[PDB]
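To start, the structure under review is shown below, and the notes come after it.
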Amino acid sequence: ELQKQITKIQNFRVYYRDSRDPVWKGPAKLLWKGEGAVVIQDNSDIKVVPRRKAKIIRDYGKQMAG
Amino acid sequence: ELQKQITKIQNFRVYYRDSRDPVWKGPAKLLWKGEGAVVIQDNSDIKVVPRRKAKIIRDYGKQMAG
Amino acid sequence: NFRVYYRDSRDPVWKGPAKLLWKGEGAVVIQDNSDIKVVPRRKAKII
Amino acid sequence: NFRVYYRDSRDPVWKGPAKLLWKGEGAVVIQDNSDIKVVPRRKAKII
Amino acid sequence: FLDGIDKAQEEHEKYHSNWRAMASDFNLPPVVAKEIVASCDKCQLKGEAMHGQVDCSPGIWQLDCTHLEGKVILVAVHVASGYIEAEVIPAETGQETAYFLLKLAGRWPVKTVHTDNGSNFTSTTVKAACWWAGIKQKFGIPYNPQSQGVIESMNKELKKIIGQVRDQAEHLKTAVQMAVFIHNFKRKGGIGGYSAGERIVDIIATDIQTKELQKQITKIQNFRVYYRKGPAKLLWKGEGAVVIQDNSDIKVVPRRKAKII
Amino acid sequence: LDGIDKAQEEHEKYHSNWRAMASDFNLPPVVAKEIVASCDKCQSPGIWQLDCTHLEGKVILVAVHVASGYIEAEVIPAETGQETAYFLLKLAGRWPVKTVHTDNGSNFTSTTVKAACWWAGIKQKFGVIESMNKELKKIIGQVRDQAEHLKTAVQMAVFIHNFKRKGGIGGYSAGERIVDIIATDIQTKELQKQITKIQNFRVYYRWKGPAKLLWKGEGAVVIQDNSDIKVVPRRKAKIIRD
Amino acid sequence: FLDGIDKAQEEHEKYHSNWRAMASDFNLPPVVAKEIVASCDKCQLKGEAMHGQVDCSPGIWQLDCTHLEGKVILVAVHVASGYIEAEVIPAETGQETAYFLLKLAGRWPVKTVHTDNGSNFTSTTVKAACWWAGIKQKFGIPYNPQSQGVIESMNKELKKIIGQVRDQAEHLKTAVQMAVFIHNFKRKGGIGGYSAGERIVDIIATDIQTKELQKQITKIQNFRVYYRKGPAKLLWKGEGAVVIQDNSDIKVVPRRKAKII
Amino acid sequence: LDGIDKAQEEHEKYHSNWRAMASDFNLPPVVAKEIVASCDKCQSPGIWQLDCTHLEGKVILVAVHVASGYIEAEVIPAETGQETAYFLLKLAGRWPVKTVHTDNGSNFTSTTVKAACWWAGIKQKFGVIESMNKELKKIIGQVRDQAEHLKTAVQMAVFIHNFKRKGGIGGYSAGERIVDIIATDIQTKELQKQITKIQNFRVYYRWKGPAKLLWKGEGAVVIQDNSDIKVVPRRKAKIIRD
DNA sequence: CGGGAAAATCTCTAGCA
DNA sequence: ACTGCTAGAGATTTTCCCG
DNA sequence: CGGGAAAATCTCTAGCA
DNA sequence: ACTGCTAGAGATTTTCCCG
Ligand SMILES: C[C@@H]1CCO[C@H]2Cn3cc(C(=O)NCc4ccc(F)cc4F)c(=O)c(O)c3C(=O)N12
Ligand SMILES: C[C@@H]1CCO[C@H]2Cn3cc(C(=O)NCc4ccc(F)cc4F)c(=O)c(O)c3C(=O)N12
Ligand SMILES: [Mg+2]
Ligand SMILES: [Zn+2]
Ligand SMILES: [Zn+2]
């Protein structure tokens, strides 16, 4: 039940940006989505990223490669 | 004689630039000046720098500090 | 209290100082002689 | 042999291909239909 | 420095020397010279060297009117994906901008439109078109196209494509539609190797799927967490770290000094 | 890797599609595709439909995504080939349009529409369009008073149909349905691309005869030999291109 | 790929898809898609992303004419130091540009002047003024102010200073001279913490001193070096490395495999 | 550090200036300055001169650097205060001008020239100018035929005087001389700045009484106590500000 | 050797029009 | 065969200064 | 584990007008 | 209370592939 939902929400990749870095950071792992903030995991680090700074996808290219 | 001249020519500082780096590199030590190329020593490294890329000075602020 | 010197709109003359009312990321809201303006942070200095 | 596509002077239309005659650091000399031109390397592509 | 400072202000009142010059000529600490320069109104002539970051929410669209061959092309873009919509219109008028906006809001979920302060976008007819479609209007700081960087950059790619296909169409509207097609479905790259159409499909599909999944997770996973405080609502747990929402404030705490009830 | 046999058994029992198997057992989609393709007892999203409606003396030109009910419509000044080709080129630029169904009318069999189909890569072939016509006219009749012209009414109607009326098994609107179906098509195209890439590779493991390649993992290499899928270590198999 | 390539050129001839799109849609290696894009003339629309580097020899000066309050200000700059000279002139004419150039060449050692292709700089009267003073003329690539970056940047600092002191002068020529003074002697910073005047003095004084010193060193130190070749002329030795000039080609060799005679 | 005693002996023998001592023995210039300042038996570049010459009916206004013979001259339309102040402000912007000598003429004692001197920071005081007048007129008479106006001739004359005629002990031209003298002045100003900075610091070493600070090295601290200069390790002395 | 403060270096932007 | 740069504002790293 | 080649990442620029 | 960005070209670092 719940565990399948959690490992499904964690399959989505997140590209984000910090408040002073113009470059987009690589695909993170979505842990929690909210109305104004998303909780991600980039390289064994948990960051909180506002909704206006994040692009969440799923990469269908990758879901099909592995 | 000659040694005094050589350690005098080595007291001049050289700011230079590489063919693809827009930032000026710190003060090197002038070893040899020529019509088109200057021979310098930056951080225990000997580089050859064209005359059009180098700004040789002496820093009178420093000659007087030490 | 902060003094703000800014460059408002299609005008090369810098104006100020103005009161700082809100500092955001990229833009700031100020008050210059009972006139509220929004100026990006590229076009303002805060002291 | 190299093909050069360039942007000569106050003109947004790109021209080319032209023969490469001299590649310097920052600028290049080409030949486009018996016309010798000097174009910076920001305004040229060499293949 | 009382003698050195008084001479520095007197020299600055004439030449407006920077802090370095007044520190070298009057034997001043850098803080004192910087203070003297900072109190001069005539020397505050430069802003800070950064850039802002535009909104890239999934519902954010940027619109702008661009000109080509004497015709007006109204261009829209989905900021999160780069998917563009465009249309040649006879006049920069609130009527046809509202028509374009209603078409766009009918084809895609548009939550907020970001535009500059052109007369056509600030018109009372667009306001009614945004109000009926439930769209929120976010106008930029006047005379700052950087606030519309996504669409302004899209005004350049679209024009660049049109010139590539301008000789395959008699009219400019046909070339504009060809360029929209080419950008949206024949140019790959970006944050997924996608094209603009594939990418936009990914953003909305992901938005709905994640909203539903998180709704289910919050419906099932119902815990309260005490750390160091009040019963913060649990958001996520695992890998020796806990993420919670205490009074509408998301913070990350380690598994230690945190109990889940 | 370890659940290939469980997947094979579940398919021989329930005849499940590869998507569930890749989701339930955590298998690369290629392997599940080969599971469903190994049994002979186990064997649309680019299809738009075009028609023209008349209302209040102007010609409305409607486009319907059959799989989703999503409607693209706008009022055109004349029932001519110019405007039909313009509409269809617009649509092909917005969504991936692969084949359009028409009623062999004069404006649909012109040379301009055919050239627009050739350029956009659309196939032309000459009852959902009628029901969607009826529903769109119903909604226009509802919402007409809220506008002065008819084009604006039509667009408000298209917005209402696409995003405000919901139904079906899950209660989704036409916009969500179209997004979902196009995303599934993207998944299918990517999977086909990857299968086509791997199909030109032969694997020699432990040496044994050549075998078809399925997956190239970080700790294993999945191969199909004699209609049987086996797992071998990367160091125990050499992959060549043919 | 013979079937995959032939369809890719046919699709590129219509949409001009980039290499990524043609690699994903037709199963092509990146090199093949890049080759197909590279053979299309209509797709070569972008130059390479770098910048050149202007000449900064001690004898290099950059000149340019700038406008302010309807008057013409002829500005010069010493590239190596940033020391500027300026003058309000009634007209952009080769006569007064030649006058300014002769004044400049009389006050400082000017070996080469770099200018854009304005009519006043390309005039036959300036050519005579440069020929008499022994100055070499280096014109930039037309319509590329980046080739004059030093002076163009100096056109901005000079204008910025004038506005700071414009209310201390009735006429604009007085303000221009005040700005020249302020830039040259009241603004410190750069490659020595200097001002522009101090820095320029350092460059010419260093040039003469180093020329004399190296003349003496070459007069005394006279050796020939064999390495790995011919008798290369010795330039410098020490710290386990030897610098020599073999047939007008300076190269650095280690002390090993090198003998000094 | 080690040659302070050798420097002191060489000065008590030959009365050498601090520059040679800092060059010959490799001493920080402050220490050599204190050596030359410790003996009581051992005890210009901003000085321009201004005059007006008449030739062919126009007024030439000449400026001479006394220390170097470097000439700044140009033809002005009228012998007025406006133009004199403009010329002097120009000169003050080009070179560091600290005091100007004049012949108390009407155009030199105006209010405009005085205000220009006040703004530029120049001191006003009311036979080298006459000899330079004669030489400049000589050169103008040589070179007049090569020009049509007189201003151009004057400028060519100034160029020839400043860079083509050489003389003196070393055979240098006026331009090289001015550069050298201004560089020596820059050296002197920097040394004075550093001495003024260090003079407000007191050192307690080994504790002994306070001493004047001279140098703050990377391996030593040089101090002067009771008119005697001693070297102490950095860890063996504490520096405080007074 | 250890923090804190001050200095030096780094990064980045407008305007030159 | 010729060529972006300069100075200031804020951030971040280095160096020094006394323990 | 060791090179080489190919892929991925990084850096940087015009144009949007 | 709001906000530069995008895609391409060349350079440099990573990853993989067979020994
Ligand atoms: C009359 C409306 C309202 C009032 O302002 C004007 C002027 N303007 C100017 C540009 C322009 O030159 N952009 C280049 C650019 C520069 C910097 C940046 F960050 C982004 C950029 F796109 C436009 O594109 C544009 O649409 C307008 C416009 O619409 N208006
Ligand atoms: C008629 C002459 C000869 C033919 O060309 C024109 C046009 N032009 C244009 C600029 C200008 O817009 N500079 C801004 C800028 C942009 C980029 C850069 F790298 C450097 C920069 F300074 C000038 O300053 C200038 O002097 C001229 C000029 O003199 N002419
Ligand atoms: Mg110019
Ligand atoms: Zn000031
Ligand atoms: Zn092409």
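Taking neighbour counts of Cβ atoms within 10 Å as a proxy for exposure, in what order, fewest first, do F:103, C:32, H:145, E:64 appear?
Numbers: F:103 13, C:32 17, H:145 8, E:64 21.
Going from sparsest to densest Cβ surroundings: H:145, F:103, C:32, E:64.
Sequence-distant contacts, meaning Cα pairs under 8 Å at least 6 residues apart, place the relative contact order of chain C at 38 percent.
The alpha carbons of the stretch B:11-57 stretch over 25, 24, 18 Å along the principal axes, in descending order.
The ranking of D:6, E:143 by Cβ neighbour count inside 10 Å, starting from the fewest, reads E:143, D:6. Counting only Cβ charges, +1 for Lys and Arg and -1 for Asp and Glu, the dipole size of chain B around its Cα centre is about 200 debye. Since only F:71, F:170, F:227 are under comparison, the one whose Cα sits farthest along the positive direction of the charge dipole of chain F, derived from C-beta charges on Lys, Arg, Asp and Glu, is F:227.
Please report the orientation-averaged projected area of the stretch E:200-261, defined via the convex hull of its C-alpha atoms, in nm².
Details: hull surface 20.2 nm².
If you wrap the Cα atoms of the stretch E:200-261 in a convex hull and average its projections, you get 5.0 nm².
Our coupling estimate for the stretch E:71-86, obtained by passing each phi through the Karplus curve with A = 6.51, B = -1.76, C = 1.60 and θ = phi - 60°, is 9, 9, 10, 8, 10, 10, 8, 8, 5, 5, 10, x, 5, 10, 10, 8 Hz, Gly and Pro reported as x.
Each Cα pair under 8 Å and six or more residues apart adds its separation to the average, and for chain B the resulting relative contact order is 30 percent.
Quick one: order G:101, C:20, E:104, H:1 by neighbouring beta-carbon count within 10 Å, fewest to most. Walk me through the numbers on the way to the answer.
Details: G:101 28, C:20 17, E:104 23, H:1 14.
Going from sparsest to densest Cβ surroundings: H:1, C:20, E:104, G:101.
Put simply, the amide H of residue G:73, placed in the peptide plane, has neighbours under 5 Å in G:66, G:67, G:68, G:89, leaving out anything fewer than 5 places away on its chain.
Put simply, the amide H of residue F:55, placed in the peptide plane, has neighbours under 5 Å in F:60, leaving out anything fewer than 5 places away on its chain. The residue list C:46, C:16, C:28 was ranked by how far each Cα lies along the charge dipole of chain C toward its positive end, using unit charges on Cβ atoms, and C:46 comes out on top.
Computed over chain A, the per-residue total of -39500 (n - 2.57) for DSSP H runs of n ≥ 4 gives a 222 nm mean residue ellipticity of -4000 deg cm²/dmol, rounded to 500. Each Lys and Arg contributes +1 and each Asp and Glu -1, all at the Cβ; summed about the Cα centre of the stretch E:186-261, the dipole is approximately 360 debye. What the Kirkwood sum gives for chain D is a hydrodynamic radius of 10.3 Å, with every pair of different alpha carbons counted. Within chain H, the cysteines lacking any other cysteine Cβ closer than 4.7 Å to their own Cβ are H:52, H:117. With the dipole of chain G worked out from charges on the C-beta (+1 for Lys and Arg, -1 for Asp and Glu) around the Cα centre, which of G:213, G:5, G:76 lies farthest toward the positive end? Most positive-ward Cα: G:213. What the phi angles of the stretch A:11-28 give under the Karplus curve with 6.51, -1.76 and 1.60, with θ = phi - 60°, is a coupling list of 7, 7, 9, 10, 9, 9, 8, 8, 5, 9, 10, x, 8, 7, 7, x, x, 8 Hz, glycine and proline written as x. Summary of packing: across the peptides H:222-230, E:204-212, G:54-62, the per-residue average of other C-beta atoms within 10 Å ranks them, highest first, as G:54-62, E:204-212, H:222-230. Could you work out how far the C-alpha centroid of the stretch H:181-232 sits from that of the stretch E:182-261, in angstrom? Their Cα centres are 64 Å away from one another.
For the peptide G:163-175, the mean number of other protein chain Cβ atoms found within 10 angstrom of a residue's Cβ is 3. Peptide F:187-197 has a mean of 4 when you count, residue by residue, the C-beta atoms of other protein chains within 10 Å of its C-beta. A cut-off under 12 angstrom between Cβ atoms defines the neighbours of residue F:174, and their net charge, with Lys, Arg +1 and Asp, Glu -1, is +1.
Please average, across the residues of E:230-239, the number of beta carbons from any other chain that are within 10 Å of each residue's own beta carbon, and give a whole number. Before the final figure, lay out each step's value.
Details: counts 0, 0, 0, 0, 1, 7, 8, 2, 5, 4.
Across E:230-239, the average partner-chain Cβ count within 10 Å equals 3.
Backbone phi angles across the stretch G:42-53, fed through the Karplus curve with coefficients 6.51, -1.76 and 1.60 (θ = phi - 60°), yield HN-Hα couplings of 6, 9, 8, 10, 8, x, 7, 8, 8, 9, x, 9 Hz in residue order; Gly and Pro are listed as x. Amide H contacts of residue B:15: B:28, B:55, B:56, B:57, each under 5 Å away and 5 or more positions distant or on a separate chain (H built 1.01 Å from N in the peptide plane; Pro and chain starts excluded). Charge tally around residue F:207: other residues with Cβ under 13 Å, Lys/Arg +1 each, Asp/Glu -1 each, net +4.
In terms of Cα atoms, the Rg and Dmax of the protein assembly as shown work out to 39.6, 120 Å. The local environment of residue G:205, defined by Cβ-Cβ distances under 10 Å, has a net charge of -3 under the rule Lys, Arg +1 and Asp, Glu -1.
Taken as Cα centroids, the stretch B:24-66 and the stretch G:112-127 sit 33 Å apart, rounded to the nearest whole angstrom. The distance separating the Cα centre of the stretch G:134-159 from that of the stretch E:1-60 comes to 29 Å. Remark: chain C carries a charge dipole of roughly 180 debye about the Cα centre, counting +1 on each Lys and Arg Cβ and -1 on each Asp and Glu Cβ. Inter-copy label distances for residue A:2: 8.7 nm (label point placed 7 Å from Cα along Cα→Cβ; shortest first). Name the shape class, rounded, prolate or oblate, that the alpha-carbon gyration tensor gives for chain G, where a ≥ b ≥ c are the square roots of its eigenvalues, rounded holds for a/c under 1.5, and otherwise prolate holds if a/b is larger than b/c and oblate otherwise. Judged from the Cα gyration tensor, chain G comes out oblate (a/c at least 1.5, b/c at or above a/b).
Note: ideal-geometry Cβ built from the backbone for every residue, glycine included; neighbour counts use all protein chains shown. Any read-out appearing in this document is the output of simple, stated calculations on the displayed coordinates, not a laboratory observation.
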